[PDB]
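Right, one structure below, let's go through it.
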Amino acid sequence: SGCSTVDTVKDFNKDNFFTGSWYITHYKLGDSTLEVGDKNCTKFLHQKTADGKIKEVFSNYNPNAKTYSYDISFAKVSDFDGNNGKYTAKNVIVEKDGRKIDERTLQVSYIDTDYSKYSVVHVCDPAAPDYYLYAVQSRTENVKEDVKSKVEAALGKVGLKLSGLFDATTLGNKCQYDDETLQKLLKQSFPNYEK
Ligand SMILES: NCCc1c[nH]c2ccccc12
């Protein structure tokens with residue numbers, strides 16, 4: 001039952017983490033074998049402002065269907081678990097123009113990160129525990145060769161191996177990212193969630 005609890009990064013430096021963008025390079029979604037509809041290229045853009053708001057905008061592109069989906073996580077600094085890389089966010093699935101399609105609560109747990117290259121995350125919805133995500137994330141489109149070992153270890157903690165995830169860098173050539181929508185939605189106002 002429920003979302004798994006996983007150990008997370010101690011002394012999480014929010015300032016150094018929530019800036020710039022991330023590419024999702026590898027991931028396991030749920031228990032069943034992955035269908036092509038859930039094989040995507042995801043890039044996200046995020047920020048922490050002085051008011052203490054954290055905002056994270058995702059572009060998810062499915063090469064098989066050649067379609068995009070977008071979602072946004074909203075959180076506040078006081079939603080974090082002390083000094084650890086663990087927090088709850090309201091995540092809103094939205095149209096390109098920001099119109100709300102659906103919303104959910106996501107418990108986020110950062111297993112590890114070096115801030116400037118890679119992070120390893122577990123994301124889960126308490127209302128839909130069957131939807132859980134283990135993700136490898138990079139500051140570049142591919143994982144830097146010199147941190148592969150660090151990523152492998154992090155996945156070790158949670159009973160996983162890289163070759164055990166879907167490698168999104170296999171989509172590779174067909175991958176694309178809606179950078180302009182990312183930038184636009186990040187700056188756009190959402191008074192219903194930014195409160
Ligand atoms: N965009 C919804 C799932 C997701 C992927 N990576 C994340 C990092 C933090 C929060 C959610 C996520």
Side-chain angles (χ1 to χ4, degrees), residues 6 9 16-47 55-73 85 89 91-98 101 106 108-125 130-186:
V6 315
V9 191
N16 291 337
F17 189 87
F18 296 108
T19 179
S21 61
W22 290 98
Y23 295 91
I24 307 195
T25 54
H26 302 72
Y27 66 86
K28 171 176 181 197
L29 172 63
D31 289 315
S32 74
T33 73
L34 207 52
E35 289 170 4
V36 61
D38 297 311
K39 292 183 179 180
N40 305 295
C41 305
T42 291
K43 173 175 186 174
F44 62 105
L45 198 67
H46 59 192
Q47 48 160 43
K55 183 163 183 179
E56 317 184 70
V57 175
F58 299 82
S59 163
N60 315 295
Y61 180 70
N62 187 275
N64 177 69
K66 294 192 183 75
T67 62
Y68 284 96
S69 70
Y70 310 92
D71 58 91
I72 309 171
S73 294
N91 179 272
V92 190
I93 310 300
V94 304
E95 302 286 0
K96 189 159 115 174
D97 74 333
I101 291 181
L106 295 178
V108 188
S109 318
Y110 277 96
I111 296 171
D112 191 28
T113 184
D114 69 349
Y115 300 93
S116 64
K117 285 183 175 57
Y118 79 93
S119 61
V120 179
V121 72
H122 170 264
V123 187
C124 190
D125 183 344
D130 281 355
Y131 157 83
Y132 68 82
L133 179 76
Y134 285 98
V136 172
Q137 309 179 145
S138 177
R139 290 302 199 180
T140 51
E141 302 186 43
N142 315 275
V143 180
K144 288 298 180 181
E145 191 276 332
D146 51 26
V147 302
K148 296 183 186 305
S149 57
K150 305 226 186 63
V151 165
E152 196 65 296
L155 294 166
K157 284 176 42 185
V158 299
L160 292 184
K161 292 180 279 195
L162 190 66
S163 64
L165 317 186
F166 168 65
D167 174 10
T169 91
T170 58
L171 305 170
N173 176 257
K174 306 295 171 50
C175 272
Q176 65 179 246
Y177 306 102
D178 194 346
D179 284 302
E180 98 145 38
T181 292
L182 286 181
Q183 167 74 18
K184 190 182 64 66
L185 288 180
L186 188 84

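This chain uses plain numbering: 1 for the first residue, then up along the sequence.
- Here CG of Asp38 is found 11.5 Å from CG of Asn64. Values are rounded to the nearest 0.5 Å.
- A 6.0 Å sphere centred on NZ of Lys148 holds more than 12 heavy atoms belonging to other residues, nucleotides or ligands.
- In this structure, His26 and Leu162 have side chains that are in contact, with non-hydrogen atoms separated by less than 4.5 Å.
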Check your understanding: Would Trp22 and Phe58 satisfy ring pair (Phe, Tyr, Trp, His ring centres under 6.0 Å), going step by step from the backbone distance to the final call?
Key -> CA-CA 9 Å; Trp22 290 98; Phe58 299 82; over 10 Å; no
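- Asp71 and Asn91 are linked by a side-chain donor-acceptor pair at a separation below 3.5 angstrom, with hydrogens and angles left out of the test.
- The main-chain N or O of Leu186 is found under 3.5 Å from a side-chain atom of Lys55 such that the two form a donor-acceptor pair.
- Using a 4.5 Å cut-off on side-chain heavy atoms (C-beta onward), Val57 and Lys184 make no contact.
- When all heavy atoms of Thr25 and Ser138 are compared, the pair lying nearest together is CG2-CB, 3.9 Å.
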Exercise for review: Apply side-chain contact (heavy atoms from CB on, under 4.5 Å) to the pair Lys39 and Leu34, showing each step before the final yes or no.
Suggested key: CA-CA 7 Å; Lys39 292 183 179 180; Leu34 207 52; 3.8 Å; yes
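- When all heavy atoms of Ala168 and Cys175 are compared, the closest pair comes out as O-SG, 4.2 Å.
- In terms of heavy-atom proximity, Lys150 sits nearest to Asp146 at NZ-O, 4.4 Å.
- Under the 4.5 Å side-chain criterion, counting only non-hydrogen atoms from C-beta, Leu171 is in contact with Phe166.
- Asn62 places no side-chain N or O within donor-acceptor distance of the main-chain N or O of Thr67, the cut-off being under 3.5 Å.
- By the 4.5 Å heavy-atom criterion applied to side chains, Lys157 and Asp112 are not counted as neighbours.
- The heavy-atom pair separating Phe44 from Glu56 by the smallest distance is CE1-OE1, 3.9 Å.
- Going from atom CG of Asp125 over to atom OH of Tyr132 covers 14.5 Å, rounded to the nearest 0.5 Å.
- A donor atom on one side chain and an acceptor atom on the other are found under 3.5 Å apart for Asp167 and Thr169.
- To the nearest 0.5 Å, atoms CD1 (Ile24) and OG1 (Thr42) are separated by 4.5 Å.
- Ring pair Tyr134/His122 is tilted by interplanar angle, where 30° to 60° counts as tilted.
- We find the NE2-CZ distance between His46 and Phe18 to be 6.5 Å, quoted to the nearest 0.5 Å.
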Practice item. Kindly determine whether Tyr177 and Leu45 satisfy side-chain contact (heavy atoms from CB on, under 4.5 Å), including the steps that lead there. Key: CA-CA 11 Å; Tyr177 306 102; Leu45 198 67; over 6 Å; no
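- With a 4.5 Å cut-off on side-chain heavy atoms, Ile101 and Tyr70 do not count as touching.
- For the pair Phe17 and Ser119, the minimum side-chain heavy-atom distance is below 4.5 Å.
- Two residues are said to be in side-chain contact when any heavy atoms from C-beta on lie closer than 4.5 Å; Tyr27 and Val123 fail this criterion.
- Open room surrounds NZ on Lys174; 12 or fewer heavy atoms of other groups in view lie less than 6.0 Å from it.
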Point to revise | From CA spacing to verdict: side-chain contact (heavy atoms from CB on, under 4.5 Å), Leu182, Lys43 | key: CA-CA 9 Å; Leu182 286 181; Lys43 173 175 186 174; 4.0 Å; yes
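- To the nearest 0.5 Å, the span separating CD on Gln183 from OG on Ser59 amounts to 13.5 Å.
- No donor-acceptor pair closer than 3.5 Å links the side chain of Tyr110 to the backbone N or O of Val121.
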Check your understanding: Are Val151 and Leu155 close enough, and set up right, to give a side-chain contact (heavy atoms from CB on, under 4.5 Å), and what steps lead you there?
Key -> CA-CA 6 Å; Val151 165; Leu155 294 166; 3.9 Å; yes
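- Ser69 and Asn60 share a side-chain donor-acceptor pair at under 3.5 Å.
- In this model, a donor atom of one side chain and an acceptor atom of the other lie less than 3.5 Å apart for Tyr68 and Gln176.
- Counting all heavy atoms, side chain and backbone alike, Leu185 lies closest to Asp97 at CD2-C, 4.0 Å.
- A distance-only check finds no donor-acceptor pair linking the side chain of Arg139 to the backbone of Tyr118 [under 3.5 Å].
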